[PDB]
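Everything below concerns the one structure shown next.
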Amino acid sequence: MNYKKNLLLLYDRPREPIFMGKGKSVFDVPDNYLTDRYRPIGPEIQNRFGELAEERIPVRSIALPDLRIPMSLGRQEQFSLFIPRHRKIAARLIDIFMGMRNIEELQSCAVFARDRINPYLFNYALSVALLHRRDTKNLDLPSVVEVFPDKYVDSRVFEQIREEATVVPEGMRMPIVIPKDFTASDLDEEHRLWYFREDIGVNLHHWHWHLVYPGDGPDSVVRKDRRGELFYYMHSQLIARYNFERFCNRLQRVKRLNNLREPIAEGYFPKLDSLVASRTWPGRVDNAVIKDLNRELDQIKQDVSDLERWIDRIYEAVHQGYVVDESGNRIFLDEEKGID
Amino acid sequence: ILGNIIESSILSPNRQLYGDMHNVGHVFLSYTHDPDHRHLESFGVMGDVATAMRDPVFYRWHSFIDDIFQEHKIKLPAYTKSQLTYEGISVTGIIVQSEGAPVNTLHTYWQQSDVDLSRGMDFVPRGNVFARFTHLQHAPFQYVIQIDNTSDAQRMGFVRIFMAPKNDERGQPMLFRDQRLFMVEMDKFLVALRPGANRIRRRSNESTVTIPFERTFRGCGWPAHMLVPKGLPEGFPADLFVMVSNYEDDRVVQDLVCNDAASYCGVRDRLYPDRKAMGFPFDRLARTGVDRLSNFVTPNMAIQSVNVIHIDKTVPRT
Ligand SMILES: [Cu+2]
Ligand SMILES: [Cu+2]
């Protein structure tokens, strides 16, 4: 009953229902644990999936926390921790996996949750939980690349893989070469930094940072010592490291955005497609304008001048040498704690 | 309003609130050596109108200020294609001609000029005392502009000439988001345009931007010998721009002491003779889909490559 090892299976093939069996194992899930769609074909499922496996994993039925908030984001929708609504949803699902009394009940709770939740969100929240619970330390989480390649690779290679896997028997299959320097041509000097910007290691680093220092969740997960300063310092070392690369590609140091009104010159077309959402990360044209936001579904109604305002407030607070509490009390930006 | 707030003239609507930012910064920058007057020292050169432009930090301070004005400027709607075209008016060409030089070429060099410092040498024996000053100078030139009218009727137009570098620091063609701030005003004057083709000649020493050379070296204006940038000995590339705007919209209601008299003196004239914003048409962000001066231009505008040449040699003034 190595729950720990069995939890790792929940990362295998995130869009495949859990009853299809991961690695060499299958879960034996209660009938009320199946979704409404697949409950009717329960018998057939057992037949193929259930029988072909070496290890069958019994899941004990339990009473389940309220999963509405985490289910409220759609299975074919996109997931961003930058959008407040999604942060709030993730925070809650994290609390739920943190709060299970038992590593066995975590297994049972996750098995239930998995095919009812957005896979990206499931990966995030489950990961943050496994990294923080006492009973799930020392656990070798799969790289996000390994389980969601769609966020890391030219969308063109998926059919190249689909074909190779389908036509060629495995022992004979050729590795697929991942394109590099593929997002832009020589006419865009910015393409020179492909090896920094589009390197799975640095993007994983950015992702890992939001796994260890999430912005909303249980106190235990959020409140790390000096996390406000690490935020500053990490983003600051990235720019230092990014400028080092620029100097090595005959470019200038990177220039801040002048303001939030003038166009952004450098466009970008990522060439990524999401197999979860079956929708792209739309590129941004050259010379695009920042526009007032009214995203009803995302729950974002915010003008550019609302952003201008926060920045102004923040600059006033930096110049004053203190921030003002929600009550009106002064907290000094001293030498020890000001940066945090 | 913003300029009166920032300078802090008397006309500022609330000097208590917005303070006296520009003047006091000057004073701050001029007092770093003795801010509490314990060393009984006066202000550096930045503390004096007479002398402030000498110090490199003048441009740094004023650039900081400009960013504030720019922050207002980018809030205004881009000028529309409607707002820029002068319907019926179309500028086909502008060239610059100098004496003894190829078309589309400006020329700069050094010059020596004498000035009598005798009226200023207190307690020195009377008589002429000549100081010889060395300073930039350009060779005289004329714009030639071709405008096609197309109305059956006479049309009045403001001719607005600017000039900018072609390329950024790195020798790359500049883009409008940057170029517009690098446009130097060279002349503004009114013309009458007969129906059909018009050929306008305009000499350099007519520029409304400048004042005679006689008034510097023996009615506010830039000194004539600094009209043209230094340029380079191998040749420095610039973009010359001209726009012919519709004077019937640019016209100012006031009528005071031939409309073509464009010499403006702030004391003399009660009102500024052009309703457009100073710096028009470059003072705002480009309308959607304009990235460079090539795409900005309406028919009543025109662009020309110009080569600015510097010769490192000294002439006695002719
Ligand atoms: Cu980050
Ligand atoms: Cu000043």
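Chain labels A, B, ... are given in the sequence in which chains occur in the structure tokens; within each chain residues are numbered consecutively from 1, and ligands are likewise numbered from 1 in the order shown.
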Counting only C-alpha atoms and all ligand atoms, name the residues that have an atom within 9 Å of an atom of ligand 2; the answer should be given as a PyMOL selection string.
chain B and resi 7+22-23+25-26+46+49+52-53+58-59+61-62+65
Please list as number ranges by chain every residue within 9 Å of residue 305 of chain B, counting only C-alpha atoms and excluding residues in the same chain fewer than 2 positions away.
B: 95, 104-105, 166, 237-240, 303, 307
Find the spatial neighbours of residue 279 of chain B, counting only C-alpha atoms, within a cut-off of 12 Å - ignore same-chain residues fewer than 2 positions away - and output them as a VMD selection string.
chain B and resid 73 160 to 162 180 to 188 243 274 to 277 281 to 284
Find the residues of chain A that sit at most 8 Å from ligand 1; for each, write down the nearest two atoms and how far apart they are in Å, to one decimal. Count only C-alpha atoms and all ligand atoms. Sort by chain, then by number going up, and give it as a Markdown table.
```
| residue | atom | partner | partner_atom_place_in_ligand_line | distance |
| --- | --- | --- | --- | --- |
| A:206 | CA | ligand 1 | 1 (Cu) | 5.6 |
| A:207 | CA | ligand 1 | 1 (Cu) | 7.6 |
| A:209 | CA | ligand 1 | 1 (Cu) | 6.8 |
| A:210 | CA | ligand 1 | 1 (Cu) | 6.7 |
| A:231 | CA | ligand 1 | 1 (Cu) | 7.4 |
| A:235 | CA | ligand 1 | 1 (Cu) | 6.9 |
```
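Put simply, atom CA of residue 156 of chain B is 22.4 Å away from atom CA of residue 270 of chain B.
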Proximity check chain B to chain A, 10 Å, nearest pairs one decimal Å, only C-alpha atoms, as JSON lines:
```
{"residue": "B:67", "atom": "CA", "partner": "A:258", "partner_atom": "CA", "distance": 9.2}
{"residue": "B:70", "atom": "CA", "partner": "A:259", "partner_atom": "CA", "distance": 9.9}
{"residue": "B:71", "atom": "CA", "partner": "A:259", "partner_atom": "CA", "distance": 7.8}
{"residue": "B:74", "atom": "CA", "partner": "A:261", "partner_atom": "CA", "distance": 6.4}
{"residue": "B:75", "atom": "CA", "partner": "A:261", "partner_atom": "CA", "distance": 7.0}
{"residue": "B:76", "atom": "CA", "partner": "A:261", "partner_atom": "CA", "distance": 10.0}
{"residue": "B:170", "atom": "CA", "partner": "A:252", "partner_atom": "CA", "distance": 9.8}
{"residue": "B:175", "atom": "CA", "partner": "A:265", "partner_atom": "CA", "distance": 9.7}
{"residue": "B:177", "atom": "CA", "partner": "A:262", "partner_atom": "CA", "distance": 8.1}
{"residue": "B:285", "atom": "CA", "partner": "A:262", "partner_atom": "CA", "distance": 7.1}
{"residue": "B:286", "atom": "CA", "partner": "A:262", "partner_atom": "CA", "distance": 9.2}
{"residue": "B:288", "atom": "CA", "partner": "A:288", "partner_atom": "CA", "distance": 8.9}
{"residue": "B:289", "atom": "CA", "partner": "A:287", "partner_atom": "CA", "distance": 8.1}
{"residue": "B:290", "atom": "CA", "partner": "A:287", "partner_atom": "CA", "distance": 9.0}
{"residue": "B:291", "atom": "CA", "partner": "A:287", "partner_atom": "CA", "distance": 7.4}
```
Output N, CA and C atoms for every residue in the selection just made, as a compact mmCIF listing (two decimals), in the first residue's frame.
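To be explicit, this is the file written out as part-v1.txt:
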```txt
# COMPACT_ATOMS: atom_id res chain seq x y z
N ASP B 67 9.79 63.83 -19.35
CA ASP B 67 9.09 62.57 -19.14
C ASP B 67 7.73 62.84 -18.49
N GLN B 70 5.59 64.27 -21.27
CA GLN B 70 5.34 63.19 -22.22
C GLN B 70 4.21 62.31 -21.68
N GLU B 71 4.18 62.11 -20.35
CA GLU B 71 3.16 61.29 -19.68
C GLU B 71 1.76 61.86 -19.91
N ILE B 74 1.05 61.31 -24.12
CA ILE B 74 0.63 60.00 -24.61
C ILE B 74 -0.80 59.67 -24.20
N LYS B 75 -1.45 60.51 -23.39
CA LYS B 75 -2.83 60.23 -23.04
C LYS B 75 -3.77 60.75 -24.13
N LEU B 76 -3.30 61.68 -24.97
CA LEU B 76 -4.19 62.30 -25.95
C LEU B 76 -4.38 61.37 -27.15
N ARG B 170 22.73 53.11 -33.01
CA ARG B 170 23.38 51.92 -33.55
C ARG B 170 23.34 51.88 -35.08
N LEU B 175 12.38 54.42 -35.68
CA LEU B 175 10.96 54.17 -35.77
C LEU B 175 10.20 55.34 -35.15
N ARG B 177 8.06 55.77 -32.91
CA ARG B 177 7.86 55.93 -31.47
C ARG B 177 9.01 56.73 -30.87
N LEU B 285 1.33 60.30 -29.87
CA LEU B 285 1.51 58.96 -30.38
C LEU B 285 0.89 58.86 -31.76
N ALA B 286 1.49 58.02 -32.61
CA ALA B 286 0.94 57.63 -33.90
C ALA B 286 -0.42 56.93 -33.80
N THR B 288 -3.21 54.16 -34.97
CA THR B 288 -3.04 52.73 -35.19
C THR B 288 -2.39 52.45 -36.54
N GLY B 289 -1.35 51.61 -36.55
CA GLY B 289 -0.83 51.06 -37.79
C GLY B 289 0.26 51.93 -38.41
N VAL B 290 0.63 53.02 -37.72
CA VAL B 290 1.80 53.79 -38.10
C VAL B 290 2.97 53.34 -37.23
N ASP B 291 4.08 52.92 -37.84
CA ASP B 291 5.23 52.49 -37.06
C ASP B 291 6.43 53.39 -37.34
```
Run DSSP on the backbone and tell me which residues of segment 120-207 of chain B come out as alpha helix (DSSP H); list them as a list in words.
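Listing alpha helix (DSSP H) positions across segment 120-207 of chain B yields residues 176, 177, 178 and 179 of chain B.
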How would the residues just picked look written out with N, CA, C and O atoms as a PDB file, in the first residue's frame?
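The result, written out as part12.pdb:
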```
ATOM      1  N   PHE B 176       8.971  55.566 -35.603  1.00  0.00           N
ATOM      2  CA  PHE B 176       8.215  56.733 -35.195  1.00  0.00           C
ATOM      3  C   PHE B 176       8.160  56.861 -33.672  1.00  0.00           C
ATOM      4  O   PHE B 176       8.191  57.969 -33.171  1.00  0.00           O
ATOM      5  N   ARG B 177       8.057  55.772 -32.905  1.00  0.00           N
ATOM      6  CA  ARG B 177       7.858  55.932 -31.469  1.00  0.00           C
ATOM      7  C   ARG B 177       9.014  56.729 -30.865  1.00  0.00           C
ATOM      8  O   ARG B 177       8.825  57.413 -29.871  1.00  0.00           O
ATOM      9  N   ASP B 178      10.210  56.627 -31.466  1.00  0.00           N
ATOM     10  CA  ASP B 178      11.388  57.362 -31.021  1.00  0.00           C
ATOM     11  C   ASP B 178      11.578  58.616 -31.873  1.00  0.00           C
ATOM     12  O   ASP B 178      11.773  59.692 -31.327  1.00  0.00           O
ATOM     13  N   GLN B 179      11.522  58.482 -33.205  1.00  0.00           N
ATOM     14  CA  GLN B 179      11.836  59.576 -34.119  1.00  0.00           C
ATOM     15  C   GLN B 179      11.056  60.850 -33.794  1.00  0.00           C
ATOM     16  O   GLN B 179      11.612  61.938 -33.820  1.00  0.00           O
TER      17      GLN B 179
END
```
For residue 136 of chain A, which of A:46, A:76, A:2, A:108 is the closest residue, counting only C-alpha atoms?
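The closest residue to residue 136 of chain A is A:2.
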Which residues, written as number ranges by chain, have at least one atom at most 9 Å from residue 2 of chain B, with only C-alpha atoms counted and residues fewer than 6 positions away on the same chain left out?
B: 12, 69, 72
Counting only C-alpha atoms, figure out which residue out of A:266, A:273, A:190, A:77 gets nearest to residue 154 of chain A.
A:273
Taking only segment 46-99 of chain B into account, list the residues labelled strand (DSSP E or B) by DSSP (computed from the backbone), as an NGL selection string.
:B and (90-98)
Residues from the last selection, N, CA, C and O atoms, saved as a PDB file, in the first residue's frame:
```
ATOM      1  N   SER B  90      -1.256  68.617 -51.784  1.00  0.00           N
ATOM      2  CA  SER B  90      -0.364  67.469 -51.847  1.00  0.00           C
ATOM      3  C   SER B  90       1.072  67.924 -52.105  1.00  0.00           C
ATOM      4  O   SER B  90       1.360  68.564 -53.106  1.00  0.00           O
ATOM      5  N   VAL B  91       1.965  67.601 -51.175  1.00  0.00           N
ATOM      6  CA  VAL B  91       3.351  67.985 -51.309  1.00  0.00           C
ATOM      7  C   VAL B  91       4.087  66.802 -51.928  1.00  0.00           C
ATOM      8  O   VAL B  91       4.117  65.716 -51.343  1.00  0.00           O
ATOM      9  N   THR B  92       4.707  67.074 -53.086  1.00  0.00           N
ATOM     10  CA  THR B  92       5.366  66.079 -53.907  1.00  0.00           C
ATOM     11  C   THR B  92       6.868  66.037 -53.635  1.00  0.00           C
ATOM     12  O   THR B  92       7.527  65.066 -53.989  1.00  0.00           O
ATOM     13  N   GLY B  93       7.429  67.096 -53.041  1.00  0.00           N
ATOM     14  CA  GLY B  93       8.873  67.182 -52.945  1.00  0.00           C
ATOM     15  C   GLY B  93       9.353  68.350 -52.091  1.00  0.00           C
ATOM     16  O   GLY B  93       8.719  69.405 -52.040  1.00  0.00           O
ATOM     17  N   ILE B  94      10.479  68.108 -51.411  1.00  0.00           N
ATOM     18  CA  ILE B  94      11.262  69.131 -50.761  1.00  0.00           C
ATOM     19  C   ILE B  94      12.724  68.768 -50.970  1.00  0.00           C
ATOM     20  O   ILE B  94      13.117  67.615 -50.794  1.00  0.00           O
ATOM     21  N   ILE B  95      13.524  69.771 -51.324  1.00  0.00           N
ATOM     22  CA  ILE B  95      14.956  69.582 -51.442  1.00  0.00           C
ATOM     23  C   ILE B  95      15.634  70.752 -50.744  1.00  0.00           C
ATOM     24  O   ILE B  95      15.000  71.779 -50.537  1.00  0.00           O
ATOM     25  N   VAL B  96      16.907  70.579 -50.378  1.00  0.00           N
ATOM     26  CA  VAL B  96      17.688  71.692 -49.872  1.00  0.00           C
ATOM     27  C   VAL B  96      18.826  71.945 -50.857  1.00  0.00           C
ATOM     28  O   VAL B  96      19.422  71.000 -51.368  1.00  0.00           O
ATOM     29  N   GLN B  97      19.064  73.230 -51.155  1.00  0.00           N
ATOM     30  CA  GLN B  97      20.135  73.646 -52.048  1.00  0.00           C
ATOM     31  C   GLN B  97      21.068  74.575 -51.279  1.00  0.00           C
ATOM     32  O   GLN B  97      20.609  75.523 -50.670  1.00  0.00           O
ATOM     33  N   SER B  98      22.368  74.290 -51.301  1.00  0.00           N
ATOM     34  CA  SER B  98      23.381  75.197 -50.793  1.00  0.00           C
ATOM     35  C   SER B  98      24.222  75.672 -51.974  1.00  0.00           C
ATOM     36  O   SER B  98      24.064  75.163 -53.084  1.00  0.00           O
TER      37      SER B  98
END
```
For residue 322 of chain A, find every residue with an atom within 6 Å (counting only C-alpha atoms), except residues of its own chain fewer than 6 positions away, and show them as JSON, numbers by chain.
{"A": [331, 332, 333]}
Output file for the selection above: N, CA, C and O atoms, as a PDB file, in the first residue's frame:
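What landed in again12.pdb:
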```pdb
ATOM      1  N   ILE A 331       3.699  51.276   8.545  1.00  0.00           N
ATOM      2  CA  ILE A 331       4.722  50.241   8.621  1.00  0.00           C
ATOM      3  C   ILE A 331       5.953  50.727   7.854  1.00  0.00           C
ATOM      4  O   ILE A 331       5.873  50.914   6.639  1.00  0.00           O
ATOM      5  N   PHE A 332       7.088  50.879   8.551  1.00  0.00           N
ATOM      6  CA  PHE A 332       8.250  51.545   7.987  1.00  0.00           C
ATOM      7  C   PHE A 332       9.027  50.605   7.059  1.00  0.00           C
ATOM      8  O   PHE A 332       9.284  49.451   7.389  1.00  0.00           O
ATOM      9  N   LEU A 333       9.415  51.129   5.891  1.00  0.00           N
ATOM     10  CA  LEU A 333      10.288  50.434   4.970  1.00  0.00           C
ATOM     11  C   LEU A 333      11.731  50.635   5.415  1.00  0.00           C
ATOM     12  O   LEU A 333      12.462  51.380   4.769  1.00  0.00           O
TER      13      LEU A 333
END
```
In Å, how far is it from atom CA of residue 55 of chain B to atom CA of residue 213 of chain B?
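These two atoms are separated by 24.5 Å.
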Using only C-alpha atoms, which protein or nucleic acid residues come within 12 Å of residue 88 of chain B? Drop anything in the same chain fewer than 6 positions from it, and give the result as a PyMOL selection string.
chain B and resi 147-157+193-197+244-246+298-300
Output of the above residues as a compact mmCIF listing (two decimals), in the first residue's frame, restricted to C-alpha atoms:
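So out_38.txt came out as:
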```txt
# COMPACT_ATOMS: atom_id res chain seq x y z
CA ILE B 147 3.00 71.72 -53.67
CA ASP B 148 0.11 70.74 -55.98
CA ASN B 149 -3.14 72.52 -55.10
CA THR B 150 -6.03 70.80 -57.02
CA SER B 151 -8.74 73.19 -55.77
CA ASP B 152 -10.01 75.83 -58.18
CA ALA B 153 -9.66 78.14 -55.16
CA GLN B 154 -6.66 79.69 -53.43
CA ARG B 155 -5.67 77.78 -50.27
CA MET B 156 -3.70 79.03 -47.23
CA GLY B 157 -1.34 76.65 -45.44
CA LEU B 193 -1.08 78.47 -52.69
CA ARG B 194 -2.48 79.29 -56.17
CA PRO B 195 -4.51 76.51 -57.91
CA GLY B 196 -2.27 73.89 -59.53
CA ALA B 197 1.48 73.72 -58.94
CA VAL B 244 1.38 71.76 -45.14
CA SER B 245 -1.55 72.01 -42.72
CA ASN B 246 -4.84 73.75 -43.37
CA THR B 298 -0.29 62.13 -45.45
CA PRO B 299 -0.17 63.60 -49.02
CA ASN B 300 0.28 67.15 -47.73
```
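Across the structure, atom CA of residue 273 of chain B and atom CA of residue 250 of chain B are spaced 8.2 Å apart.
Using only C-alpha atoms, the shortest contact distance between residue 34 of chain A and any of A:85, A:114, A:223, A:48 is found at A:114.
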Contacts of residue 258 of chain B within 12 Å, only C-alpha atoms, excl. fewer than 6 positions in-chain, as a list in words:
residues 156, 190, 191 and 192 of chain B
